[PDB]
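Below you'll find the structure, written out as structure tokens, and then a few comments.
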Amino acid sequence: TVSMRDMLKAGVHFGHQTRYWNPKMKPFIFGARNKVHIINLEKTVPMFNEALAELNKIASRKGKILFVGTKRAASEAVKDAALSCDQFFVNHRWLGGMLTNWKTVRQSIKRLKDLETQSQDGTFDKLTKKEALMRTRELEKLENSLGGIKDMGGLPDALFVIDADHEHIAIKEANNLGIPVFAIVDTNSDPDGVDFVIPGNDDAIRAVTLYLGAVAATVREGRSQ
Amino acid sequence: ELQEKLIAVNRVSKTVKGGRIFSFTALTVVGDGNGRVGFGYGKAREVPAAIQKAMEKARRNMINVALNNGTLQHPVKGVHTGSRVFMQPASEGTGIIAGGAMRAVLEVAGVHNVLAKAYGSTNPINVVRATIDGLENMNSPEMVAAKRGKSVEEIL
Amino acid sequence: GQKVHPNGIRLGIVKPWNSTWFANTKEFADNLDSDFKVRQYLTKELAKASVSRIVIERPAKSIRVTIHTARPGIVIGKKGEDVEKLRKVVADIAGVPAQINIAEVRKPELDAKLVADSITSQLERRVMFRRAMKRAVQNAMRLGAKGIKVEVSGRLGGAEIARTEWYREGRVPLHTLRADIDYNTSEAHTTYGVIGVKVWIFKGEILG
RNA sequence: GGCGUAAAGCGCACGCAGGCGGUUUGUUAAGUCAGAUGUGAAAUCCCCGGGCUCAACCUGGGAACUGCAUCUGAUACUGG
RNA sequence: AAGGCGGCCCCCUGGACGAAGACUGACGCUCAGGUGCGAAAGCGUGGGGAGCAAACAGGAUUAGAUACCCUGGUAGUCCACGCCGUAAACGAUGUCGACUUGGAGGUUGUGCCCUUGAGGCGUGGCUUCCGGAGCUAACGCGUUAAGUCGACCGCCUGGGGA
RNA sequence: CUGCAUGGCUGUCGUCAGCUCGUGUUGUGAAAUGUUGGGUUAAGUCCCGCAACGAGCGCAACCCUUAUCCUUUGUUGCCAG
RNA sequence: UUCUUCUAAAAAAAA
């Protein structure tokens, strides 16, 4: 469904500097030109198709999937991608315990929900201005961190992680709860916890928009089914 | 449905500026009288709260042990930090020949005839960890047959 | 003992007085003494009946005392039988004409005095102190209280050295003056000495 | 069963006696393994029975005595 | 090999490492007893003695000060030949060999590409720090293992006595 | 008589800014995290960051008094015309 | 710059 030429234009093949590699990612590394690793696209493509197929399969059963990207190079791209494909995202800081300690995160999302109803339609003004600013700031930060998942209802059925190393906490929580992980793993990340490894660059804007469009396309198609 | 056993309850302590703070720890094991068993270690300021936390932790993170009709399937040995443990299958009606924490975890795990022995330190937490470690890596005839690619009759 | 009495510190903010009358200094002391005698007699008589508060007020040289209790059927029995019996002896003790009204206490599990008497009776009949504390806290929290803290002190479980145990669920803000913390104590005369019970109940902040 | 810190690596090295030894072929059969024979007293231990009302006890037959010697054979490993 | 070795020059001399071959053909590894080497202090004989400095003397501090601090100062420290054979003689990790992800350096050879400047790509020896699996009571060790194995030797069985 | 068998009450560190819990995670475990870090405050007060997310007892506010003005009320209080 | 020492009896929990 995705070729090799588009990826090469995007910059997927680029990895990190040689001093920083991680040895568990050796099968997917082609070589190292100009002291930077290159992923072999002839290897990333045949397993990316299986990942997209599995994601379509889990989407067609009306399953909730959760997108995790917080690098600030993908924050807006994951937010608009998830909204366009009617899914969930975490674009700001992943607060620890978001999946395992869901019993309290449900209270926090409930706090966010009643607070936004109070603000826009409840019209909870006409009292002391400093308290109104404090509630506004509290709602602002709560929304900023938990807006994407505020109506999820329960724990999701799969996770899509943009950076396997930087978002190690989310992958660990998912493995702890037996939820499948699909991840874009660079040459410096650890792919053991990931159930569906996807080699490739996780730093370029072109590459990240390409991945997000592809996953949005397949999840939309599966939902349509 | 599941059977729950309390193994050992002791009082741990912690010294602060005010003085000593005494807390309680509870080691329990739960299981379904068959291949499912799991241990829980809970800690709180009171023994009911401690045993409750232990039971909730025990009901999760369980493992499947491929046991025989009423016994183990071969002599297996396990180790976890201070307890070299060894256990082997026994004939019908010999009971659970085990000591301390081992007896409780085996009984709840559904085995009925087993000869066991604990070497090294006999600390309850370590021996119950080592016991399920050995049980976890205990091979079954179907598993080893499928693994090596031969029939169960070829391996006997 | 370090903490000031919660009802005392709130006597002019959110809590009312248990005796609301006026008297000059000539008859203030004997009026107070008369109030003490009637309170002592009533507390002694109605031990079985769960009496929560004895409000006293004397308009125009006639005492009128309103008992707040959770079991009015027990305190009245057959219609108009022992209420008059209490009224006459109270009028005789005070030496002034009396009148006794009775206020029912809705939800007795959220009343500090009644919980204290219940815990103290259970202690006197030798139940586990931890069990009594847990039962009281769970019942209170289930009926809709914003918070309760109970404390029991002295020779618990027939021990040799006394200790203090306490539980607290919810909010119990003792520094907030507008919080209507219902506080009361009691004591159990067990065979190993006396055990003291204290209970704070936070019902929700009062605005105004 | 251990020897960094709980008791435990000689301060370091050379080296006789001693322990062990890469890889291929042939020969031998000492170590090793299989079979047979002789022997390993009786009782005792174990198995299946029998006799004292049962049991302890006594007793028939078998197994066991894991060993040693000789004869015949096997030659993969160790030794010549 | 360990103890250890620091200006420069000469004489005699041991070990280690690299690149191409050629050669002998298991000749190998470890080692009780044995032998040799073995910091500093100390001993004997004969020299030498500037500085430093056990003992000792004097002056301070102190309740006391047979010490710490100050001024002197003798064996000793130095040379030649013997003796002693002990140290937290330590990497608190015996020697030899095989296998098991990696990163940044230090030091010393050596092959190729245009040394298109002090460039790039390999391949050996020694050595420092971080870290994966694994091991460990933990701290940590982690291709220079305390990981997985094999050969040999020395040593331990509660603390004090010792 | 026993405050060294106790209840209730009080001093004290000290009106110092601290002390904990639920769930999750790390460690075989006692424990840790939260509660630490960069600023700031009288303050664990607040923000940012962060395997922590929240909550409670405490840090402040709500209470009394004092400081300014306005409305109601002017005697036993006051005297501008 | 100097600044030593406090003998000899405690109690703490067990769903």
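Just so it is clear: chains get the letters A, B, ... in the order the sequence lines come, proteins before strands, and each one is counted from 1. Side chains included, hydrogens not; waters and symmetry mates left out as well; all remaining heavy atoms used.
Nucleic acid contact for B:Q52: none, since no nucleic acid atom lies under 4.0 Å from a heavy atom of the residue. Residue-level contact check: B:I125 touches the backbone only, with heavy atoms under 4.0 Å from sugar-phosphate atoms and none from bases. Residue C:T185 is classed as having no contact, given no heavy-atom separation below 4.0 Å to the nucleic acid. Using a 4.0 Å heavy-atom distance criterion, B:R129 is classed as a sugar-phosphate-only contact. Residue B:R45 is in sugar-phosphate contact alone, with no base atom involved, counting any heavy-atom pair closer than 4.0 Å across all strands shown. Residue B:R11 is classed as a base contact, given a heavy-atom separation below 4.0 Å to a base. No contact: C:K149 has no heavy atom under 4.0 Å from any strand. C:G147 comes within 4.0 angstrom of no nucleic acid atom, judged by non-hydrogen atoms across all strands.
Here the P atom of nucleotide F:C63 and the CG atom of C:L177 are 8 Å apart, to the nearest Å. If you take NZ of A:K35 and P of E:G103, they are 11 Å apart, rounded to a whole angstrom. When rounded to the nearest whole Å, the span between CG of A:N188 and P of E:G132 equals 16 Å. Nucleotide F:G27 holds its P atom 12 Å from the NZ atom of B:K57, rounded to whole Å. Rounded to whole Å, the distance from CG on A:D190 to P on E:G102 is 15 Å.
South puckering is assigned to the sugar ring of E:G6, since its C1'-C2'-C3'-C4' angle is below zero. For E:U66, classification of the furanose by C1'-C2'-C3'-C4' yields a south pucker, on the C2'-endo side.
Checked against A:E143 for a salt bridge (charged side-chain N to carboxylate O under 4.0 Å, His left out), the options A:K150, A:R137, A:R111 give a single hit: A:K150.
Using the rule of two distances under 3.5 Å, F:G49 and F:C78 do not count as a Watson-Crick or G-U wobble pair. F:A30 and F:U66 are not base-paired: they meet neither the Watson-Crick nor the G-U wobble geometry with both distances under 3.5 Å. The bases E:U71 and E:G111 are not paired as Watson-Crick or G-U wobble with both atom distances under 3.5 Å.
Nucleotide E:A145: unpaired (no Watson-Crick or G-U wobble partner with both distances less than 3.5 Å). A 3.5 Å limit on both hydrogen-bonding distances identifies no Watson-Crick or G-U partner for F:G74.
E:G117 has its base syn relative to the sugar, with a glycosidic angle deviating from 0 by at most 90°. Because its glycosidic torsion is within 90° of 0, G:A10 is reported here as syn. Here E:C27 is in the syn range [glycosidic angle within 90° of 0].
Counting atom types as modelled, B:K43 pairs a side-chain N or O with a base atom of F:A31 as donor and acceptor under 3.5 Å. Under 3.5 Å, the side chain of C:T176 and the base of F:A61 form at least one donor-acceptor pair of N or O atoms.
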Output a table of nitrogen or oxygen pairs between the protein and nucleotides 32-38 of chain F separated by less than 3.5 Å.
none

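Annotation: cation-pi pair C:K134/C:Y167 present, NZ/CZ under 6.0 Å from the ring centroid and within 45° of its normal. A cation-pi geometry, defined here as NZ or CZ lying under 6.0 Å from the six-membered ring centre and within 45° of its normal, does not hold between C:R171 and C:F202.
Side chain of A:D202 to backbone of A:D163: no donor-acceptor contact under 3.5 angstrom is found.
A perpendicular orientation is assigned to the rings of C:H5 and C:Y183, their planes being inclined by more than 60° (bins at 30° and 60°).
When the nucleotides F:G7, F:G22, F:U25 are ranked by their closest atom to the side chain of C:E187, F:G7 comes out on top. With distances taken from any side-chain atom of B:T81 to the nucleotides F:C53, E:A138, F:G29, the minimum falls on E:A138. You'll find that the side chain of A:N176 is closest to F:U25, out of F:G7, F:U25, G:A12.
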Which is it for C:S52 and C:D111 under the side-chain hydrogen bond (donor to acceptor under 3.5 Å, both in side chains) test, yes or no, and what are the steps along the way? CA-CA 7 Å; C:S52 164; C:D111 173 276; 2.5 Å; yes

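Taking a 4.0 Å limit (strictly below) on heavy-atom distances, residues 16-33 of chain A reaches RNA chain E at A:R19, A:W21, A:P23.
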